[PDB]
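Values quoted throughout were computed directly from the atomic coordinates according to the rules given, and no laboratory measurement underlies them. Cβ atoms come from the backbone with ideal geometry, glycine included; neighbour counts cover every protein chain shown.
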Amino acid sequence: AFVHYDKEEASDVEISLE
Amino acid sequence: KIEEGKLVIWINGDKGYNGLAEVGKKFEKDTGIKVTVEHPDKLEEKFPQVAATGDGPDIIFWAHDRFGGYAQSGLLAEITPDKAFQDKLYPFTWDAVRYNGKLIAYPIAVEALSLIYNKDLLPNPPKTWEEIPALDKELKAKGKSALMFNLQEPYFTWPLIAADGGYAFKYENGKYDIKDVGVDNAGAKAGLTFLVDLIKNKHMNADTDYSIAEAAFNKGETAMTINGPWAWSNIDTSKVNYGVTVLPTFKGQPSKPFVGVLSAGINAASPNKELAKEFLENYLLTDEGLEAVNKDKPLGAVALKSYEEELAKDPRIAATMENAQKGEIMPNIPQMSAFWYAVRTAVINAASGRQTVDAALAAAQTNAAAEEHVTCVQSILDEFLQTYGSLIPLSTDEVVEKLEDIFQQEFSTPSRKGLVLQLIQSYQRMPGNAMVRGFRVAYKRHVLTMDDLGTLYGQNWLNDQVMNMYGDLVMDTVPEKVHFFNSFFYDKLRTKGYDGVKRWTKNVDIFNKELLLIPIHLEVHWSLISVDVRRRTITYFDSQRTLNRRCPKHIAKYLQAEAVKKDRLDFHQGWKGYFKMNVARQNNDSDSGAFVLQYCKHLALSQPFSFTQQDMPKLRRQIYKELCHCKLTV
Ligand SMILES: OC[C@H]1O[C@H](O[C@H]2[C@H](O)[C@@H](O)[C@@H](O[C@H]3[C@H](O)[C@@H](O)[C@@H](O[C@H]4[C@H](O)[C@@H](O)[C@@H](O)O[C@@H]4CO)O[C@@H]3CO)O[C@@H]2CO)[C@H](O)[C@@H](O)[C@@H]1O
Ligand code: NA
C-alpha cells in the first residue's frame, strides 16, 4: 500500500491510523 | 586561548629555565604579574600549530633559524625597541632576527659547538679528526672510549659535513639561493663517509643520543664530547675536570659548526605584547637577568655588550667564539626547517646501514630544495587522511584557505586555486593516499570502518551502521528531548507486532521525550517517521513524496501498546497521522538515506534550515565529518 502525491499541498495531509 | 595579565614563556629544556624563572619572580615582585616558564617537548613544532588559532605562549625562545617560518605565517609581532636599546646589543645579533627588513625577535646569546675534553684522561686533545681512530684504540685498551656525542640530531654532526665544503644554501649577492643546496657535493659526502666509517669501526655507536653521551662524558667513561655552552654547568657538578677547545679539523680544514642565536620572539595573538616588551628589555636583557639564566645553564656569548665584556674573559666563551668564527651563521629563511629535517634522516639512515652515504645525501638533496608550497599541501592532506581516513570529505576551498593562512599569500585567484587543485589531484593519484588501512571511528557501542564511511562517497547508498550512529549523535545532541530508534526496529514491529519490540526501550520512557525518530528501511529506500509526543502526531517523511500507508498504522499500534505496558495511559489517545508536505525531494534514487538524516537533524535542533537535492554533495561531506567528530555541526 503506497500512494504517490503529484503536487505539494499547502499543509501536511492527515491520514488514517486505523 | 591566551590569558591577559599573565606572561607565559616557552623555552627548550636544555636551557636554564629555572634561572629564567627567578627573573620572572622579580617581575612579579615589581609588577604583580605572574610569569610562568614551561619547556614542552617539541615546542618549536607546537608553536605554529597553536599560535595559528590564538593559543600558545606570550614569548617563544629558540635559535633564530626557525623564526623565518613563523614570520612568514604572521605569527610573530614586530619588535619595536628604542635606538638607545638597540645600541646595547651587538649589531650582528640583530641581523639574525631581521626577516625581510623587520625585527621579529630579541637576540639573547650566541651558541656554537666546541670540543669538550677530559683533561685528566687526555691532557693534549687531538687537533684533527683523522687521528681520533687510533686514539680510540689506545683508550679502549685502557678501558674507555675516545669520543661520544649526539648522533640523532644533525646540528651535532653538521660541522664535519661542512668542513670540506658541505653547505645548506648558497649565499651569493646578499640573498640565499634556495635552489642551490650543498648536501650531496663531494665535501659533504666526504664528511659523512668518515663518520659512518667510525660507526663501522666500532669507534662510536650509531644509537648514541644526547643523554647517553652526556652521561658517558660526565662519568669519565669517554674522554671527548661535542656540545654547546648549556652543557657546561652539568659538568661543573661532575667528577670531570674539563676544557673547551677548538673542534678538530677534517682534511686540514676547520669544522664549520652552524651558529645559532637564542632569540625571544613574541606571539602575535598575545594580548600582553607591551608586558613582554617590558620583561625582555628591562628584566631579562640586563646584566642581572642574563646572569641568572647563565648560572642555571650557560648562554654563551650574550648579545648585551655590557655583560658580554664581563663574561668574555672566560676561556670557554673564547673557545666557543673561535669555533663560531670558523663556522657559518645559520640562515633564518623558512626553508631552513626543511633543510634540517632532510639532513636528520640522511645521517640516521647512513649510520644505521639502511642507506648508503651517497643515497641518503641524494634523498636529502632533493628534499631540502623541495618547493615549499608542495610540501605544505603534502602535509595538509596527510593530516587530513590521518583524521578522517580518506579524502572523501575534502573541500578544495579548505586546502586553499589553509595555504593562505600559512604563507600569507592569496590562493583563490583562478591561476592559483587551479595549482592547488592540481597538487591535490597528484596527491590522490599516488598509491596508499586513497584511504587509511584499518581506520576506525568508535562512538559508544557503534563502530565505523572505511567500508562504512565509504557509503557516503558520491551517490552510494548509505548503510545501516552509518545511519544508526548518526541517529545516536542527533539524539545525544539533545537527549532530554529526543530518542532515536535504530533501523532494525521497524522490520521487527512490522512482522511480529508489539511483541517483537516489547523489550526495545530498556529503561526509556519515550513519553517523557518530545520527539521520537524512526527510520524506515525498505529495500534500498530510506523513509522516516516523526512522533511529536506532546502534540500526539505520527508523521511520515518520504524524499520522493510517496506515502507508505501501513507504516504509520504500525507505529500507532506500537505507541498505544507501549502506553499500556509503561503505565503511561495519559498518552494512550489522540494520535493523528500526517504525510509531510513542503520538505526536500530527491530526483535520483540514491540520496534517500542522507535526506532522512538531515530531516532528523533539523527536527531535533529546531533551527531555521533548508536544503535540496543539489546540496547533497556538501551535506554528505558534512555528515562524514560529523561522524568522525562524534559531534554535530551547530
Ligand atoms: O621529527 C624529527 C624531529 O623533529 C623536531 O626536530 C627538528 C626541529 O624542529 C627543527 O627546528 C630542526 O632543529 C634544529 C634547530 O632549529 C637548531 O636551532 C639546532 O638546534 C640546536 C640549538 O641551536 C641549541 O639551542 C640547542 O637546543 O641544541 C639544538 C640541537 O639539538 O639544530 C636543530 C637540529 O639539530 O630540526 C630538527 C630535526 O633534526 C623535534 O624537535 C624532534 O623531537 C623530532 O624527533
Ligand atoms: Na635546569
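Quick check, is residue B:605 within 14 Å of chain A (Cβ to nearest Cβ), surrounded by fewer than 20 Cβ atoms within 10 Å (Cβ to Cβ) and within 30 Å of residue B:454 (Cβ to Cβ)? Spelling it out, it is not the case that residue B:605 is within 14 Å of chain A (Cβ to nearest Cβ), surrounded by fewer than 20 Cβ atoms within 10 Å (Cβ to Cβ) and within 30 Å of residue B:454 (Cβ to Cβ). Within the stretch B:550-584, if we keep just the residues that are closer than 28 Å to residue B:459 by Cα and outside any strand (DSSP E or B), the residue that is farthest from the other protein chains (Cβ to nearest Cβ) turns out to be B:584.
If the condition is being in contact (Cβ under 8 Å) with a residue 24 or more places away in the chain and in contact with a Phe, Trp or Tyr (Cβ under 9 Å, 6 or more places away or on another chain), then the stretch B:485-509 contributes B:485, B:487, B:489, B:493, B:497, B:498, B:501, B:505. On the stretch given as the stretch B:246-258, residues that are within 38 Å of the chain's Cα centre (by Cα) and either among the charged types (D, E, K, R) or not in a loop (DSSP other than H, G, I, E, B) (or both) total 4. The residue that is farthest from residue B:264 (Cα to Cα), counting only those in the stretch B:7-51 that are more than 13 Å from ligand 2 (Cβ to nearest atom), over 25 Å from the mean Cα position of the chain (by Cα) and in a loop (DSSP other than H, G, I, E, B), is B:32.
Name the residue that is nearest to the other protein chains (Cβ to nearest Cβ), counting only residues in the stretch B:56-75 that are within 20 Å of residue B:38 (Cβ to Cβ) and away from ligand 1 (no atom under 15 Å from the Cβ).
Of all residues in the stretch B:56-75, those within 20 Å of residue B:38 (Cβ to Cβ) come to B:56-63, B:66-67, B:70, B:75.
Still in the running and away from ligand 1 (no atom under 15 Å from the Cβ): B:56-59.
Numbers: B:56: 53, B:57: 57, B:58: 58, B:59: 62 Å.
Filtering the stretch B:56-75 for residues that are within 20 Å of residue B:38 (Cβ to Cβ) and away from ligand 1 (no atom under 15 Å from the Cβ), the one nearest to the other protein chains (Cβ to nearest Cβ) comes out as B:56.
Scan the stretch B:524-570 for residues that are of a type in the set (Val, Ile, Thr), in contact (Cβ under 8 Å) with a residue 40 or more places away in the chain and surrounded by fewer than 20 Cβ atoms within 10 Å (Cβ to Cβ) and the total you get is 2.
The condition (being closer than 26 Å to residue B:408 by Cβ, away from ligand 1 (no atom under 15 Å from the Cβ) and surrounded by fewer than 16 Cβ atoms within 10 Å (Cβ to Cβ)) is satisfied by just one residue among B:78, B:3, B:38: B:78.
I'd like to know if the stretch B:91-108 contains one or more residues that are in contact (Cβ under 8 Å) with a residue 40 or more places away in the chain and over 30 Å from residue B:74 (Cα atoms). No; the residues of the stretch B:91-108 include none that is in contact (Cβ under 8 Å) with a residue 40 or more places away in the chain and over 30 Å from residue B:74 (Cα atoms).
Out of everything in the stretch B:336-352 that is away from ligand 1 (no atom under 12 Å from the Cβ) and touching a residue at least 60 places away in the same chain (Cβ under 8 Å), what residue ends up being nearest to the other protein chains (Cβ to nearest Cβ)? Selected residue: B:352. Candidates B:248, B:271, B:254, B:298: the one that is within 14 Å of ligand 1 (Cβ to nearest atom) and either touching a helix residue (DSSP H, G or I) at 6+ places or on another chain (Cβ under 6 Å) or not acidic (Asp, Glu) (or both) is B:298.
For the stretch B:585-592, state whether one or more residues are under 42 Å from the mean Cα position of the chain (by Cα), within 24 Å of residue A:13 (Cβ to Cβ) and either surrounded by 19 or more Cβ atoms within 10 Å (Cβ to Cβ) or within 10 Å of chain A (Cβ to nearest Cβ) (or both). Yes; the residues of the stretch B:585-592 include at least one that is under 42 Å from the mean Cα position of the chain (by Cα), within 24 Å of residue A:13 (Cβ to Cβ) and either surrounded by 19 or more Cβ atoms within 10 Å (Cβ to Cβ) or within 10 Å of chain A (Cβ to nearest Cβ) (or both).
I'd like to know if the stretch B:145-152 contains one or more residues that are away from ligand 2 (no atom under 16 Å from the Cβ) and closer than 30 Å to residue B:71 by Cβ. Steps first, answer last, please.
Taking the stretch B:145-152 first, the residues away from ligand 2 (no atom under 16 Å from the Cβ) are B:145-152.
Cutting the leftovers down to closer than 30 Å to residue B:71 by Cβ gives us B:150, B:152.
Taking every residue of the stretch B:145-152 in turn, at least one turns out to be away from ligand 2 (no atom under 16 Å from the Cβ) and closer than 30 Å to residue B:71 by Cβ.
Give the stretch B:301-310 a look and list any residue that's more than 16 Å from ligand 1 (Cβ to nearest atom) and touching a residue at least 60 places away in the same chain (Cβ under 8 Å), or say none. Those that are more than 16 Å from ligand 1 (Cβ to nearest atom) and touching a residue at least 60 places away in the same chain (Cβ under 8 Å): B:304, B:305, B:306, B:308.
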